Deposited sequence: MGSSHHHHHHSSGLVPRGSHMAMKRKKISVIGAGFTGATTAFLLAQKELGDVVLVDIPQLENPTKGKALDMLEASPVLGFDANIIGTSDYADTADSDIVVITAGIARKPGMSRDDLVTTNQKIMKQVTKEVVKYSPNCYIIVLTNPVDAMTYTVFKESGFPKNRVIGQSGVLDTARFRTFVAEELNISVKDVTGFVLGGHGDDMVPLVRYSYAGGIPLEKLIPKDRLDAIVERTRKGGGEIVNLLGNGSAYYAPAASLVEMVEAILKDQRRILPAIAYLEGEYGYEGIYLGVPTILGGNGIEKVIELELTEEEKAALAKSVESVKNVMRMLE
């Protein structure tokens, strides 16, 4: 008997929905879209509106909304986007319990699933999910590398006036100040960008990448990015579901890699049927090594804010 893949997308907000919707139209499998019971009606409203567009886009996928994790039973992938002028401490603590509470139900109804976390801060929350899940390091990944690279590509595209298919960004660690960009491993059709873009403009593109998610927040006035984040999540689900062995930047457990371990950190990754198949150790220059250390201690910080 052939069964289509089953993907459960927890949190039915702006990214979780846009994600659920891409997942459906591509026919990567049936999508179960979960939120708290107070938002179950909306979440079934957002499932069904999506599913009523299944005749029109000509895609065969089931899309249901629910407040009940029994609907998540036997998922291949689980993507967690669930999350809430307030302190860093109370954001990390608040989202952390939500990570613990989402996880216990997820792994319970989905024992052999791969989990992809988006939740902010995705460095410490994927940690929380890794921990809480019990799962071996390969089955728990965070998104942040692919969205940063994607921002930098777009900027590098609209600067050279070429295709986004031809620009490859290389981002290490998390977002903004925690970002360790590798421009030397960034190209336009394999041409090092550092020979196409002048430093001042390239330094600008780096900082805008850093300031990329804040920038959308200020544009919207109410909320953060969901389109590009959503597209980031799907592409990593596409990698696992189709064992594509993608080299993409992911948030990943480190067990000695770059001389660090017992943390999550955004690193070069091979993405396939066993989720994270290989963390990749680059040989890094002295500035990169030292800037990575800032970013590692900047993640050990939020992890001191975990309870």
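Judged by missing C-alpha atoms, the gaps in the deposited chain sequence fall at residues 1-21, 106-109, listed in sequence order.
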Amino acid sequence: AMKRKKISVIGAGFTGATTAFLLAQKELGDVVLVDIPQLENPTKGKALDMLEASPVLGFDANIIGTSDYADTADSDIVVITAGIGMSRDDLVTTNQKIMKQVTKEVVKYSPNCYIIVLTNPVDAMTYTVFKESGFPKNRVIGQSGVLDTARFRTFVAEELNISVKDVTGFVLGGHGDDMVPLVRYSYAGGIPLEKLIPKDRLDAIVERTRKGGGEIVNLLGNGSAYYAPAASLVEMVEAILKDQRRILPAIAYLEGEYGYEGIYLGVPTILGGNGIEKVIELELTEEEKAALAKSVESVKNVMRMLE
From here on, numbers count along this sequence of modelled residues.
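Across the other entries compared, none leave residue 101 without coordinates where the residues on each side are present, so it is far from a third. Modelled in this chain, residue 89 is nonetheless absent from a third or more of the other compared entries whose models extend past it on both sides. According to the PDB record, 36-44 carries the higher mean C-alpha B-factor of the two stretches 49-57 and 36-44.
Just going by the entry, 10-18 versus 293-301 on mean CA temperature factor gives the higher value to 293-301. Among all modelled residues in this chain, the alpha-carbon of residue 172 has a temperature factor (C-alpha) in the highest third. When the modelled residues of the chain are ordered by C-alpha B-factor, residue 137 sits in the highest third. For residue 112, the recorded CA temperature factor ranks within the highest third of the chain's modelled residues. In this PDB entry, the Cα temperature factor of residue 29 sits in the bottom third of its chain's modelled residues, the lowest group. Annotation for residue 198: CA B-factor lies in the middle third of the chain's modelled residues.
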